[PDB]
$ cat my_file.cif   # mmCIF, C-alpha atoms and all ligand atoms
data_my_file
loop_
_atom_site.label_atom_id
_atom_site.label_comp_id
_atom_site.auth_asym_id
_atom_site.auth_seq_id
_atom_site.Cartn_x
_atom_site.Cartn_y
_atom_site.Cartn_z
CA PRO X 1 21.42 -11.13 58.75
CA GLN X 2 19.22 -13.98 59.93
CA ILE X 3 19.85 -15.41 63.40
CA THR X 4 18.32 -18.82 64.13
CA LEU X 5 17.45 -19.78 67.68
CA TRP X 6 19.00 -23.24 67.96
CA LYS X 7 21.45 -21.53 70.31
CA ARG X 8 21.40 -18.31 72.32
CA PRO X 9 21.33 -15.27 69.98
CA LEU X 10 24.59 -13.81 71.23
CA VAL X 11 26.23 -11.07 69.21
CA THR X 12 29.20 -8.76 69.62
CA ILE X 13 28.39 -5.27 70.86
CA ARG X 14 30.66 -2.32 71.53
CA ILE X 15 30.25 0.23 74.28
CA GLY X 16 33.25 2.57 74.28
CA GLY X 17 36.45 0.58 74.71
CA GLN X 18 34.64 -2.60 75.70
CA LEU X 19 33.48 -5.31 73.32
CA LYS X 20 30.97 -7.65 74.92
CA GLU X 21 28.77 -10.56 73.93
CA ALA X 22 25.07 -9.77 74.36
CA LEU X 23 21.73 -11.49 73.79
CA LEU X 24 19.36 -10.12 71.17
CA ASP X 25 16.37 -10.34 73.49
CA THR X 26 12.82 -9.76 72.34
CA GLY X 27 11.55 -10.48 75.88
CA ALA X 28 13.54 -7.53 77.34
CA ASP X 29 11.87 -4.08 77.22
CA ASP X 30 15.15 -2.41 78.12
CA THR X 31 18.84 -3.10 77.51
CA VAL X 32 20.69 -4.47 80.58
CA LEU X 33 24.47 -4.68 80.71
CA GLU X 34 26.75 -6.36 83.21
CA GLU X 35 28.43 -4.11 85.79
CA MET X 36 30.64 -1.47 84.16
CA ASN X 37 31.68 2.02 85.26
CA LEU X 38 30.16 4.24 82.55
CA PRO X 39 30.65 8.00 82.57
CA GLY X 40 27.78 10.42 83.12
CA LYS X 41 24.56 10.94 85.02
CA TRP X 42 22.34 7.99 85.93
CA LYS X 43 19.25 7.16 88.01
CA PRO X 44 18.52 4.10 90.18
CA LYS X 45 15.90 1.62 89.02
CA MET X 46 14.67 -1.88 89.89
CA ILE X 47 13.87 -4.38 87.12
CA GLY X 48 12.09 -7.68 87.54
CA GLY X 49 12.36 -11.10 85.94
CA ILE X 50 12.44 -14.76 86.88
CA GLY X 51 13.72 -14.91 90.47
CA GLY X 52 12.73 -11.35 91.42
CA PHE X 53 14.30 -7.94 91.01
CA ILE X 54 17.78 -6.49 90.64
CA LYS X 55 18.93 -2.94 91.19
CA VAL X 56 20.35 -1.19 88.13
CA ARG X 57 21.71 2.21 87.09
CA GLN X 58 19.92 3.86 84.16
CA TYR X 59 22.19 5.77 81.76
CA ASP X 60 20.58 7.65 78.87
CA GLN X 61 21.74 8.35 75.30
CA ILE X 62 24.59 5.86 75.35
CA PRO X 63 25.89 4.92 71.91
CA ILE X 64 26.22 1.16 71.34
CA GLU X 65 27.38 -0.61 68.17
CA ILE X 66 25.60 -3.95 67.59
CA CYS X 67 27.12 -6.07 64.79
CA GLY X 68 28.18 -2.92 62.92
CA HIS X 69 24.77 -1.23 63.31
CA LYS X 70 24.65 2.04 65.27
CA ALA X 71 22.27 2.48 68.18
CA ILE X 72 21.90 5.08 70.88
CA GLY X 73 19.64 4.97 73.90
CA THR X 74 19.01 3.99 77.48
CA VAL X 75 21.17 1.27 78.99
CA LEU X 76 20.60 -0.25 82.44
CA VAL X 77 23.75 -1.37 84.27
CA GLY X 78 23.78 -3.82 87.13
CA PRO X 79 24.41 -7.37 88.35
CA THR X 80 22.87 -9.25 85.44
CA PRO X 81 24.44 -12.63 84.58
CA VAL X 82 24.24 -11.87 80.84
CA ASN X 83 24.37 -8.76 78.68
CA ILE X 84 20.88 -8.17 77.22
CA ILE X 85 20.02 -6.07 74.16
CA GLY X 86 16.38 -5.15 74.66
CA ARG X 87 13.67 -3.83 72.38
CA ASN X 88 14.67 -0.19 72.85
CA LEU X 89 17.82 -0.88 70.78
CA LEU X 90 16.57 -3.86 68.73
CA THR X 91 14.18 -1.54 66.87
CA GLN X 92 17.04 0.88 66.10
CA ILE X 93 19.11 -1.80 64.29
CA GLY X 94 16.07 -3.01 62.32
CA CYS X 95 15.47 -6.27 64.17
CA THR X 96 12.27 -8.28 63.66
CA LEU X 97 10.97 -11.74 64.60
CA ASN X 98 9.87 -13.83 61.63
CA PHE X 99 8.09 -17.19 61.25
CA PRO B 1 4.24 -13.27 60.35
CA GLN B 2 6.86 -10.54 60.65
CA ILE B 3 6.78 -9.00 64.14
CA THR B 4 8.42 -5.66 64.87
CA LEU B 5 9.59 -4.73 68.36
CA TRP B 6 8.28 -1.25 69.13
CA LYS B 7 5.67 -3.15 71.23
CA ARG B 8 6.07 -6.33 73.33
CA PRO B 9 5.72 -9.38 71.05
CA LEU B 10 2.74 -10.87 72.84
CA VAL B 11 0.81 -13.57 71.03
CA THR B 12 -2.19 -15.74 71.71
CA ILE B 13 -1.30 -19.36 72.41
CA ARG B 14 -3.62 -22.39 72.67
CA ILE B 15 -2.75 -24.92 75.37
CA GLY B 16 -5.23 -27.53 76.66
CA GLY B 17 -8.10 -25.75 74.92
CA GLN B 18 -7.26 -22.56 76.83
CA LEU B 19 -6.23 -19.28 75.20
CA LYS B 20 -3.44 -17.38 76.95
CA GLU B 21 -1.24 -14.42 76.06
CA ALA B 22 2.50 -15.19 76.01
CA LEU B 23 5.63 -13.23 75.21
CA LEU B 24 7.91 -14.37 72.41
CA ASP B 25 11.19 -14.31 74.32
CA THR B 26 14.42 -14.95 72.40
CA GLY B 27 16.45 -14.43 75.60
CA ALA B 28 14.71 -17.42 77.22
CA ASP B 29 16.13 -20.92 76.66
CA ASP B 30 12.92 -22.36 78.11
CA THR B 31 9.17 -21.85 77.84
CA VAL B 32 7.77 -20.86 81.24
CA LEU B 33 4.08 -20.33 81.99
CA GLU B 34 2.40 -18.89 85.07
CA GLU B 35 0.68 -21.29 87.48
CA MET B 36 -1.83 -23.51 85.70
CA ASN B 37 -2.98 -27.12 85.71
CA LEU B 38 -1.65 -29.48 83.06
CA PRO B 39 -2.29 -33.23 82.87
CA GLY B 40 0.31 -35.96 83.23
CA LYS B 41 3.59 -36.57 85.00
CA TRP B 42 5.85 -33.66 85.82
CA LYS B 43 9.35 -33.33 87.27
CA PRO B 44 10.48 -30.76 89.85
CA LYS B 45 13.14 -28.50 88.32
CA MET B 46 14.94 -25.26 89.13
CA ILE B 47 15.71 -22.44 86.74
CA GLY B 48 17.51 -19.11 87.03
CA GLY B 49 16.63 -15.70 85.59
CA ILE B 50 17.81 -12.15 86.12
CA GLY B 51 16.59 -12.14 89.75
CA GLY B 52 17.76 -15.58 90.93
CA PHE B 53 16.34 -19.08 90.93
CA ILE B 54 12.80 -20.41 91.14
CA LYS B 55 11.17 -23.82 91.40
CA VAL B 56 9.09 -24.99 88.45
CA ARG B 57 7.14 -28.07 87.36
CA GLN B 58 8.52 -29.55 84.13
CA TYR B 59 5.93 -31.02 81.71
CA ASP B 60 7.26 -32.76 78.60
CA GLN B 61 5.68 -33.20 75.16
CA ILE B 62 2.94 -30.60 75.63
CA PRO B 63 1.22 -29.26 72.50
CA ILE B 64 0.96 -25.49 72.17
CA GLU B 65 -0.31 -23.66 69.10
CA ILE B 66 1.49 -20.31 68.87
CA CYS B 67 -0.10 -17.87 66.39
CA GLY B 68 -1.54 -20.93 64.65
CA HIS B 69 1.88 -22.69 64.45
CA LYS B 70 2.04 -26.07 66.19
CA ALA B 71 4.71 -27.00 68.72
CA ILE B 72 5.06 -30.03 70.99
CA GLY B 73 7.61 -29.69 73.73
CA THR B 74 8.69 -28.93 77.25
CA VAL B 75 6.68 -26.43 79.27
CA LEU B 76 7.83 -25.21 82.69
CA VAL B 77 5.13 -24.01 85.08
CA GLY B 78 6.02 -21.66 87.92
CA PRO B 79 6.35 -18.10 89.21
CA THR B 80 7.47 -16.31 86.07
CA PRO B 81 6.41 -12.61 85.87
CA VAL B 82 4.71 -13.28 82.52
CA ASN B 83 4.05 -16.30 80.27
CA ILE B 84 7.08 -16.71 77.99
CA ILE B 85 7.72 -18.71 74.85
CA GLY B 86 11.41 -19.60 74.83
CA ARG B 87 13.79 -20.91 72.23
CA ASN B 88 12.83 -24.59 72.73
CA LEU B 89 9.47 -23.80 71.10
CA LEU B 90 10.48 -20.78 68.99
CA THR B 91 12.71 -23.15 67.01
CA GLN B 92 9.80 -25.57 66.45
CA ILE B 93 7.65 -22.87 64.85
CA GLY B 94 10.54 -21.65 62.64
CA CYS B 95 11.13 -18.32 64.37
CA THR B 96 14.29 -16.37 63.50
CA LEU B 97 15.63 -12.89 64.24
CA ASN B 98 16.25 -10.70 61.22
CA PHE B 99 17.82 -7.29 60.74
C1 LIG X 101 9.50 -10.21 82.10
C2 LIG X 101 9.97 -10.93 80.87
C3 LIG X 101 11.39 -11.50 80.98
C4 LIG X 101 11.54 -12.48 82.15
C5 LIG X 101 10.86 -13.81 81.90
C6 LIG X 101 12.42 -10.37 81.04
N1 LIG X 101 13.82 -10.88 81.08
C7 LIG X 101 14.42 -11.09 79.74
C8 LIG X 101 14.51 -12.61 79.50
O1 LIG X 101 14.74 -12.87 78.10
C9 LIG X 101 15.59 -13.29 80.32
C10 LIG X 101 17.00 -12.92 79.87
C11 LIG X 101 18.01 -13.64 80.74
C12 LIG X 101 18.79 -14.66 80.20
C13 LIG X 101 19.71 -15.34 80.99
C14 LIG X 101 19.86 -14.99 82.31
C15 LIG X 101 19.09 -13.98 82.87
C16 LIG X 101 18.17 -13.29 82.08
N2 LIG X 101 15.39 -14.71 80.16
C17 LIG X 101 14.95 -15.54 81.11
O2 LIG X 101 14.63 -15.29 82.26
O3 LIG X 101 14.91 -16.90 80.64
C18 LIG X 101 14.70 -17.91 81.62
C19 LIG X 101 13.80 -18.90 80.92
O4 LIG X 101 14.73 -19.62 80.11
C20 LIG X 101 16.00 -19.67 80.75
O5 LIG X 101 17.05 -19.35 79.84
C21 LIG X 101 17.68 -18.13 80.24
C22 LIG X 101 17.31 -17.89 81.70
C23 LIG X 101 16.00 -18.66 81.87
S1 LIG X 101 14.80 -10.07 82.10
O6 LIG X 101 16.14 -10.44 81.82
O7 LIG X 101 14.37 -10.47 83.43
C24 LIG X 101 14.58 -8.46 81.86
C25 LIG X 101 15.24 -7.77 80.84
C26 LIG X 101 14.98 -6.41 80.60
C27 LIG X 101 14.05 -5.72 81.38
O8 LIG X 101 13.80 -4.39 81.14
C28 LIG X 101 12.72 -3.76 81.84
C29 LIG X 101 13.38 -6.39 82.42
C30 LIG X 101 13.64 -7.75 82.62
#
$ encode --input "my_file.cif" --output "structure tokens" --more "lines below"
Ligand SMILES: CCC(CC)CN(C[C@@H](O)[C@H](Cc1ccccc1)NC(=O)O[C@H]1CO[C@H]2OCC[C@H]21)S(=O)(=O)c1ccc(OC)cc1
Amino acid sequence: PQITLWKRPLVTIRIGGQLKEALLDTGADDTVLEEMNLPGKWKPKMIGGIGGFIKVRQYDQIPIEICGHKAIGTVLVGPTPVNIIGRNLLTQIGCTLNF
Amino acid sequence: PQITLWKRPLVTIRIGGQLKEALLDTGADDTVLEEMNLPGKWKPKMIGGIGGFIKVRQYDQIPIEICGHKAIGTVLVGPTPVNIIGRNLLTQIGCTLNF
């Protein structure tokens, strides 16, 4: 599809039994999801943006379905105000910027 | 151009005869540049990111040429981690997401 940017590029994602709305975010290196209790091993990390840093938990090889497209990779979980699909998964679903 | 996302989508922008590198950031509503001087009236504003809120200076109707595409719009100046081109200007240059 083609997503214009008149509004926030929010799309439906699935992670296990949770459907969430998430931003397709070219400015995000990594995917950052709102607090959720995912199974498996993780490692602590700090990520920085406008305002400073937040602490997140890094989970690897997590399958995520983004608008029907399959992805699998690292997801960072922590107290973000919005779910963010970053470049690590955007590439996997074939996403480009065009103008 | 078509821009893939295996690398950060950094582009050269022209603003006030200066060349800067800025990140095409679909997860940003607003264009926010690191501390710089711009002419004219500005308004104090606050904006929030992943790490909390910051103070910025809001400049309206500023020309920026992004990859040779002309925009004229609002530019926020303040302590962002990196120069970002947000949706307010991405829309002006006809940028869309495609997958
Ligand atoms: C370092 C570049 C940029 C920060 C500039 C990175 N951010 C992604 C942005 O797209 C966030 C994504 C974001 C969106 C909404 C809320 C928090 C974060 N947008 C953002 O801060 O936009 C601000 C400018 O416009 C405003 O509109 C939205 C918030 C304001 S991020 O959320 O902080 C972030 C995401 C992933 C990541 O992985 C290492 C590290 C940081």
$ closest_atom_pairs --input "my_file.cif" --of "chain B" --to "ligand LIG 101 (chain X)" --cutoff "12 Å" --atoms "only C-alpha atoms and all ligand atoms" --output "Markdown table"
| residue | atom | partner | partner_atom | distance |
| --- | --- | --- | --- | --- |
| B:8 | CA | X:LIG101 | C2 | 9.7 |
| B:9 | CA | X:LIG101 | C2 | 10.8 |
| B:10 | CA | X:LIG101 | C2 | 10.8 |
| B:22 | CA | X:LIG101 | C2 | 9.9 |
| B:23 | CA | X:LIG101 | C2 | 7.5 |
| B:24 | CA | X:LIG101 | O1 | 9.0 |
| B:25 | CA | X:LIG101 | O1 | 5.4 |
| B:26 | CA | X:LIG101 | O1 | 6.1 |
| B:27 | CA | X:LIG101 | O1 | 3.4 |
| B:28 | CA | X:LIG101 | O3 | 3.5 |
| B:29 | CA | X:LIG101 | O5 | 3.7 |
| B:30 | CA | X:LIG101 | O4 | 3.8 |
| B:31 | CA | X:LIG101 | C19 | 6.3 |
| B:32 | CA | X:LIG101 | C19 | 6.3 |
| B:33 | CA | X:LIG101 | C5 | 9.4 |
| B:34 | CA | X:LIG101 | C5 | 10.4 |
| B:45 | CA | X:LIG101 | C20 | 12.0 |
| B:46 | CA | X:LIG101 | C23 | 9.9 |
| B:47 | CA | X:LIG101 | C23 | 6.2 |
| B:48 | CA | X:LIG101 | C23 | 5.4 |
| B:49 | CA | X:LIG101 | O2 | 3.9 |
| B:50 | CA | X:LIG101 | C15 | 3.9 |
| B:51 | CA | X:LIG101 | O7 | 6.9 |
| B:52 | CA | X:LIG101 | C15 | 8.3 |
| B:53 | CA | X:LIG101 | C23 | 9.1 |
| B:54 | CA | X:LIG101 | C23 | 10.0 |
| B:55 | CA | X:LIG101 | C23 | 11.9 |
| B:56 | CA | X:LIG101 | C19 | 10.8 |
| B:74 | CA | X:LIG101 | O4 | 11.5 |
| B:75 | CA | X:LIG101 | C19 | 10.5 |
| B:76 | CA | X:LIG101 | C19 | 8.9 |
| B:77 | CA | X:LIG101 | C19 | 10.9 |
| B:78 | CA | X:LIG101 | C19 | 10.8 |
| B:79 | CA | X:LIG101 | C5 | 9.6 |
| B:80 | CA | X:LIG101 | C5 | 5.9 |
| B:81 | CA | X:LIG101 | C1 | 5.4 |
| B:82 | CA | X:LIG101 | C1 | 5.7 |
| B:83 | CA | X:LIG101 | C5 | 7.4 |
| B:84 | CA | X:LIG101 | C5 | 6.2 |
| B:85 | CA | X:LIG101 | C19 | 8.6 |
| B:86 | CA | X:LIG101 | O4 | 6.2 |
| B:87 | CA | X:LIG101 | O4 | 8.0 |
| B:88 | CA | X:LIG101 | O4 | 9.1 |
| B:89 | CA | X:LIG101 | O4 | 11.2 |
| B:90 | CA | X:LIG101 | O4 | 12.0 |
$ atom_distance --input "my_file.cif" --atom1 "atom CA of residue B:38" --atom2 "atom CA of residue B:65"
15.2 Å
$ atom_distance --input "my_file.cif" --atom1 "atom CA of residue B:98" --atom2 "atom CA of residue B:5"
11.4 Å
$ closest_residue --input "my_file.cif" --among "X:43, X:7, X:14, X:20" --to "chain B" --atoms "all atoms listed in the file"
X:7
$ atom_distance --input "my_file.cif" --atom1 "atom CA of residue B:68" --atom2 "atom CA of residue B:4"
18.2 Å
$ residues_near_point --input "my_file.cif" --point "(-4.6, -13.0, 72.5)" --cutoff "6 Å" --atoms "all atoms listed in the file" --output "ChimeraX atom specification"
/B:11-12,21
$ residues_around --input "my_file.cif" --residues "residue B:44" --least-positions-apart "2" --cutoff "7 Å" --atoms "all atoms listed in the file" --output "list in words"
residues 42, 56, 57 and 58 of chain B
$ axis_aligned_box --input "my_file.cif" --around "stretch 59-76 of chain B" --padding-each-side "8 Å" --output "AutoDock Vina command-line options"
--center_x 3.6 --center_y -25.5 --center_z 73.6 --size_x 26.2 --size_y 31.3 --size_z 34.2
$ closest_residue --input "my_file.cif" --among "B:62, B:41, B:73, B:94" --to "chain X" --atoms "all atoms listed in the file"
B:94
$ closest_residue --input "my_file.cif" --among "X:36, X:13, X:19, X:95" --to "residue X:67" --atoms "all atoms listed in the file"
X:13
